[PDB]
């Protein structure tokens, strides 16, 4: 039984791994909020999805990419006019081998997160085990 769901707590900005520190669900404890990464324990097929809230008045361009280790497997850009919020979101279905790390990276832009209201999220679960 492998499944997790976490949210973002503070304001996030610049190139970095988005660490979702508000962990709601984490069967098997495979998501590490100190790294922001999901580690594959069982070879198989996995679904992942993320929703990242962006602040307006921020230059204006926020990138949030789902990575499998060092490879971009999904991308999203958020960007809005006068003073406004928007979402950079995407979903994947990937095959993973034990040790593979899955996580969201922030490239530039202002990402909003709340103490415990989960406007920005990261979740996933295994669909098939090999």
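Residue numbers count along the first chain shown, from 1.
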| property | result |
| --- | --- |
| Per the entry, higher mean C-alpha B factor between 4-12 and 119-127 | 4-12 |
| Which of 24-32 and 60-68 has higher mean CA B factor, as the PDB entry lists it | 60-68 |
| Modelled-residue ranking by C-alpha temperature factor, third containing residue 96 | middle |
| Record-listed C-alpha B factor of residue 74: chain third | lowest |
| Within-chain third of residue 84 by Cα B-factor, per the entry | highest |
| Chain third (lowest, middle, highest) by recorded CA B-factor, residue given as residue 90 | lowest |
| Where the record places residue 54 (Cα B-factor, split into thirds across the chain) | highest |
